[PDB]
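Shown next: entry.pdb, containing PDB, N, CA, C and O atoms.
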```pdb
MODEL        1
ATOM      1  N   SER A   1     107.205  81.595 100.297  1.00  0.00           N
ATOM      2  CA  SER A   1     106.997  80.270 100.937  1.00  0.00           C
ATOM      3  C   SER A   1     105.523  79.879 100.928  1.00  0.00           C
ATOM      4  O   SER A   1     104.681  80.576 101.497  1.00  0.00           O
ATOM      5  N   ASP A   2     105.216  78.758 100.281  1.00  0.00           N
ATOM      6  CA  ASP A   2     103.843  78.274 100.198  1.00  0.00           C
ATOM      7  C   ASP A   2     103.439  77.564 101.485  1.00  0.00           C
ATOM      8  O   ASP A   2     104.211  76.787 102.046  1.00  0.00           O
ATOM      9  N   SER A   3     102.222  77.833 101.947  1.00  0.00           N
ATOM     10  CA  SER A   3     101.714  77.219 103.169  1.00  0.00           C
ATOM     11  C   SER A   3     100.199  77.063 103.107  1.00  0.00           C
ATOM     12  O   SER A   3      99.662  76.002 103.428  1.00  0.00           O
ATOM     13  N   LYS A   4      99.515  78.124 102.694  1.00  0.00           N
ATOM     14  CA  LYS A   4      98.064  78.106 102.591  1.00  0.00           C
ATOM     15  C   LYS A   4      97.613  78.564 101.208  1.00  0.00           C
ATOM     16  O   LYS A   4      96.955  79.595 101.066  1.00  0.00           O
ATOM     17  N   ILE A   5      97.969  77.789 100.188  1.00  0.00           N
ATOM     18  CA  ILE A   5      97.601  78.115  98.816  1.00  0.00           C
ATOM     19  C   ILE A   5      98.151  79.478  98.408  1.00  0.00           C
ATOM     20  O   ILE A   5      97.398  80.434  98.221  1.00  0.00           O
ATOM     21  N   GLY A   6      99.471  79.562  98.274  1.00  0.00           N
ATOM     22  CA  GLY A   6     100.101  80.812  97.892  1.00  0.00           C
ATOM     23  C   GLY A   6     100.276  81.756  99.065  1.00  0.00           C
ATOM     24  O   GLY A   6      99.489  81.732 100.011  1.00  0.00           O
ATOM     25  N   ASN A   7     101.312  82.586  99.005  1.00  0.00           N
ATOM     26  CA  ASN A   7     101.588  83.540 100.073  1.00  0.00           C
ATOM     27  C   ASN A   7     101.956  84.906  99.503  1.00  0.00           C
ATOM     28  O   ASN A   7     101.289  85.904  99.779  1.00  0.00           O
ATOM     29  N   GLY A   8     103.022  84.946  98.710  1.00  0.00           N
ATOM     30  CA  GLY A   8     103.459  86.196  98.118  1.00  0.00           C
ATOM     31  C   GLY A   8     103.962  86.026  96.696  1.00  0.00           C
ATOM     32  O   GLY A   8     104.813  85.177  96.431  1.00  0.00           O
ATOM     33  N   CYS A   9     103.438  86.847  95.786  1.00  0.00           N
ATOM     34  CA  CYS A   9     103.825  86.816  94.384  1.00  0.00           C
ATOM     35  C   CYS A   9     104.058  85.384  93.896  1.00  0.00           C
ATOM     36  O   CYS A   9     105.161  85.028  93.480  1.00  0.00           O
ATOM     37  N   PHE A  10     103.012  84.565  93.949  1.00  0.00           N
ATOM     38  CA  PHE A  10     103.104  83.183  93.516  1.00  0.00           C
ATOM     39  C   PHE A  10     101.720  82.587  93.285  1.00  0.00           C
ATOM     40  O   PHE A  10     101.342  82.290  92.150  1.00  0.00           O
ATOM     41  N   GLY A  11     100.965  82.413  94.365  1.00  0.00           N
ATOM     42  CA  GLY A  11      99.631  81.849  94.254  1.00  0.00           C
ATOM     43  C   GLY A  11      98.560  82.907  94.068  1.00  0.00           C
ATOM     44  O   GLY A  11      97.442  82.596  93.655  1.00  0.00           O
ATOM     45  N   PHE A  12      98.894  84.156  94.373  1.00  0.00           N
ATOM     46  CA  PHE A  12      97.945  85.254  94.234  1.00  0.00           C
ATOM     47  C   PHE A  12      97.532  85.438  92.775  1.00  0.00           C
ATOM     48  O   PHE A  12      98.182  84.922  91.867  1.00  0.00           O
ATOM     49  N   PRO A  13      96.437  86.179  92.534  1.00  0.00           N
ATOM     50  CA  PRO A  13      95.937  86.432  91.180  1.00  0.00           C
ATOM     51  C   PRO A  13      96.818  87.410  90.410  1.00  0.00           C
ATOM     52  O   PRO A  13      96.501  88.594  90.301  1.00  0.00           O
ATOM     53  N   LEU A  14      97.926  86.906  89.877  1.00  0.00           N
ATOM     54  CA  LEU A  14      98.854  87.736  89.117  1.00  0.00           C
ATOM     55  C   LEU A  14      98.488  87.749  87.636  1.00  0.00           C
ATOM     56  O   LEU A  14      99.269  87.320  86.787  1.00  0.00           O
ATOM     57  N   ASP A  15      97.293  88.249  87.333  1.00  0.00           N
ATOM     58  CA  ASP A  15      96.823  88.321  85.954  1.00  0.00           C
ATOM     59  C   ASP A  15      95.632  89.266  85.844  1.00  0.00           C
ATOM     60  O   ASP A  15      94.701  89.023  85.076  1.00  0.00           O
ATOM     61  N   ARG A  16      95.670  90.342  86.621  1.00  0.00           N
ATOM     62  CA  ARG A  16      94.602  91.324  86.620  1.00  0.00           C
ATOM     63  C   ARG A  16      95.090  92.660  87.168  1.00  0.00           C
ATOM     64  O   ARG A  16      95.082  93.672  86.468  1.00  0.00           O
ATOM     65  N   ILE A  17      95.515  92.654  88.428  1.00  0.00           N
ATOM     66  CA  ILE A  17      96.008  93.864  89.073  1.00  0.00           C
ATOM     67  C   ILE A  17      97.210  94.436  88.327  1.00  0.00           C
ATOM     68  O   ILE A  17      97.450  95.642  88.348  1.00  0.00           O
ATOM     69  N   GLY A  18      97.961  93.560  87.667  1.00  0.00           N
ATOM     70  CA  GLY A  18      99.129  93.996  86.923  1.00  0.00           C
ATOM     71  C   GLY A  18      99.542  93.006  85.851  1.00  0.00           C
ATOM     72  O   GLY A  18      99.904  93.399  84.742  1.00  0.00           O
ATOM     73  N   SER A  19      99.490  91.718  86.182  1.00  0.00           N
ATOM     74  CA  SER A  19      99.863  90.670  85.238  1.00  0.00           C
ATOM     75  C   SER A  19     101.344  90.761  84.886  1.00  0.00           C
ATOM     76  O   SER A  19     101.708  91.097  83.758  1.00  0.00           O
ATOM     77  N   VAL A  20     102.198  90.458  85.863  1.00  0.00           N
ATOM     78  CA  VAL A  20     103.645  90.500  85.673  1.00  0.00           C
ATOM     79  C   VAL A  20     104.172  91.938  85.699  1.00  0.00           C
ATOM     80  O   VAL A  20     105.124  92.243  86.417  1.00  0.00           O
ATOM     81  N   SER A  21     103.552  92.818  84.915  1.00  0.00           N
ATOM     82  CA  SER A  21     103.967  94.211  84.858  1.00  0.00           C
ATOM     83  C   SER A  21     103.742  94.901  86.199  1.00  0.00           C
ATOM     84  O   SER A  21     104.683  95.391  86.823  1.00  0.00           O
ATOM     85  N   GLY A  22     102.487  94.936  86.637  1.00  0.00           N
ATOM     86  CA  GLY A  22     102.160  95.570  87.902  1.00  0.00           C
ATOM     87  C   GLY A  22     102.412  94.667  89.097  1.00  0.00           C
ATOM     88  O   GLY A  22     102.240  95.085  90.242  1.00  0.00           O
ATOM     89  N   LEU A  23     102.820  93.428  88.836  1.00  0.00           N
ATOM     90  CA  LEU A  23     103.095  92.473  89.904  1.00  0.00           C
ATOM     91  C   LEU A  23     101.837  92.192  90.721  1.00  0.00           C
ATOM     92  O   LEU A  23     101.302  93.081  91.381  1.00  0.00           O
ATOM     93  N   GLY A  24     101.371  90.948  90.672  1.00  0.00           N
ATOM     94  CA  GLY A  24     100.183  90.571  91.414  1.00  0.00           C
ATOM     95  C   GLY A  24     100.414  90.552  92.912  1.00  0.00           C
ATOM     96  O   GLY A  24      99.487  90.769  93.690  1.00  0.00           O
ATOM     97  N   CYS A  25     101.658  90.278  93.310  1.00  0.00           N
ATOM     98  CA  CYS A  25     102.038  90.215  94.713  1.00  0.00           C
ATOM     99  C   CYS A  25     101.293  91.247  95.561  1.00  0.00           C
ATOM    100  O   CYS A  25     100.877  92.291  95.060  1.00  0.00           O
ATOM    101  N   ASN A  26     101.136  90.945  96.845  1.00  0.00           N
ATOM    102  CA  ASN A  26     100.448  91.843  97.765  1.00  0.00           C
ATOM    103  C   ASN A  26     100.690  91.426  99.214  1.00  0.00           C
ATOM    104  O   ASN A  26      99.795  90.905  99.880  1.00  0.00           O
ATOM    105  N   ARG A  27     101.913  91.652  99.691  1.00  0.00           N
ATOM    106  CA  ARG A  27     102.292  91.301 101.054  1.00  0.00           C
ATOM    107  C   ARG A  27     101.206  91.692 102.055  1.00  0.00           C
ATOM    108  O   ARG A  27     100.788  92.848 102.112  1.00  0.00           O
ATOM    109  N   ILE A  28     100.757  90.720 102.843  1.00  0.00           N
ATOM    110  CA  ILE A  28      99.724  90.957 103.839  1.00  0.00           C
ATOM    111  C   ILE A  28      98.415  91.390 103.177  1.00  0.00           C
ATOM    112  O   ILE A  28      98.379  92.355 102.414  1.00  0.00           O
ATOM    113  N   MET A  29      97.348  90.656 103.469  1.00  0.00           N
ATOM    114  CA  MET A  29      96.032  90.942 102.901  1.00  0.00           C
ATOM    115  C   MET A  29      95.653  92.413 103.065  1.00  0.00           C
ATOM    116  O   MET A  29      95.009  92.997 102.194  1.00  0.00           O
ATOM    117  N   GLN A  30      96.050  93.006 104.186  1.00  0.00           N
ATOM    118  CA  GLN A  30      95.742  94.408 104.458  1.00  0.00           C
ATOM    119  C   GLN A  30      96.599  95.343 103.607  1.00  0.00           C
ATOM    120  O   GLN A  30      97.351  96.165 104.133  1.00  0.00           O
ATOM    121  N   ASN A  31      96.477  95.218 102.288  1.00  0.00           N
ATOM    122  CA  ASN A  31      97.232  96.055 101.360  1.00  0.00           C
ATOM    123  C   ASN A  31      98.736  95.899 101.574  1.00  0.00           C
ATOM    124  O   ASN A  31      99.186  95.559 102.667  1.00  0.00           O
ATOM    125  N   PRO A  32      99.539  96.151 100.527  1.00  0.00           N
ATOM    126  CA  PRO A  32     100.998  96.040 100.603  1.00  0.00           C
ATOM    127  C   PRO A  32     101.630  97.219 101.335  1.00  0.00           C
ATOM    128  O   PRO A  32     101.001  98.263 101.509  1.00  0.00           O
ATOM    129  N   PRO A  33     102.893  97.072 101.778  1.00  0.00           N
ATOM    130  CA  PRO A  33     103.606  98.132 102.495  1.00  0.00           C
ATOM    131  C   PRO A  33     104.083  99.243 101.562  1.00  0.00           C
ATOM    132  O   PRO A  33     105.278  99.531 101.483  1.00  0.00           O
ATOM    133  N   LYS A  34     103.142  99.866 100.860  1.00  0.00           N
ATOM    134  CA  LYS A  34     103.465 100.946  99.933  1.00  0.00           C
ATOM    135  C   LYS A  34     104.494 100.493  98.901  1.00  0.00           C
ATOM    136  O   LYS A  34     105.282 101.296  98.402  1.00  0.00           O
ATOM    137  N   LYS A  35     104.481  99.203  98.585  1.00  0.00           N
ATOM    138  CA  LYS A  35     105.414  98.647  97.613  1.00  0.00           C
ATOM    139  C   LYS A  35     104.822  97.415  96.933  1.00  0.00           C
ATOM    140  O   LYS A  35     103.699  97.010  97.230  1.00  0.00           O
ATOM    141  N   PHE A  36     105.589  96.825  96.021  1.00  0.00           N
ATOM    142  CA  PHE A  36     105.147  95.638  95.296  1.00  0.00           C
ATOM    143  C   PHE A  36     103.912  95.943  94.451  1.00  0.00           C
ATOM    144  O   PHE A  36     104.014  96.167  93.244  1.00  0.00           O
ATOM    145  N   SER A  37     102.744  95.950  95.089  1.00  0.00           N
ATOM    146  CA  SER A  37     101.496  96.228  94.393  1.00  0.00           C
ATOM    147  C   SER A  37     101.117  97.699  94.522  1.00  0.00           C
ATOM    148  O   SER A  37     101.620  98.406  95.395  1.00  0.00           O
ATOM    149  N   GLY A  38     100.225  98.155  93.647  1.00  0.00           N
ATOM    150  CA  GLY A  38      99.794  99.541  93.682  1.00  0.00           C
ATOM    151  C   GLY A  38      99.149  99.982  92.382  1.00  0.00           C
ATOM    152  O   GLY A  38      99.605  99.614  91.300  1.00  0.00           O
ATOM    153  N   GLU A  39      98.086 100.773  92.490  1.00  0.00           N
ATOM    154  CA  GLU A  39      97.378 101.265  91.314  1.00  0.00           C
ATOM    155  C   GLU A  39      96.833 100.107  90.484  1.00  0.00           C
ATOM    156  O   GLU A  39      95.617  99.839  90.569  1.00  0.00           O
TER     157      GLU A  39
ENDMDL
END
```
Since I need it in another form, could you write the structure as structure tokens?
Amino acid sequence: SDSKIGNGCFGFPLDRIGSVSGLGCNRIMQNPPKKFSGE
């Protein structure tokens, strides 16, 4: 759900941390819940 310029796996920088493969998503700025994003 968009509210403040992207929220989850949408407006975030999905073209570096993974770029589709590693999934740019990152629930909560304080790192993801040991899922979605990583490495």
> If you count only C-alpha atoms, which residues fall within 12 Å of residue 35 (chain A), apart from same-chain ones fewer than 6 positions away, as a ChimeraX atom specification?
Replying inline: /A:22-28
> What gap, in Å, lies between CA of residue 5 (chain A) and CA of residue 38 (chain A)?
Replying inline: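 Calculated distance between CA of residue 5 (chain A) and CA of residue 38 (chain A) is 22.1 Å.
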> Suppose you want the space between CA of residue 4 (chain A) and atom C of residue 33 (chain A); what is it in Å?
Replying inline: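 Taking CA of residue 4 (chain A) and atom C of residue 33 (chain A), their separation equals 22.0 Å.
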> How far is it from atom C of residue 20 (chain A) to atom C of residue 3 (chain A), in Å with one decimal?
Replying inline: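 Distance reported for this atom pair: 23.2 Å.
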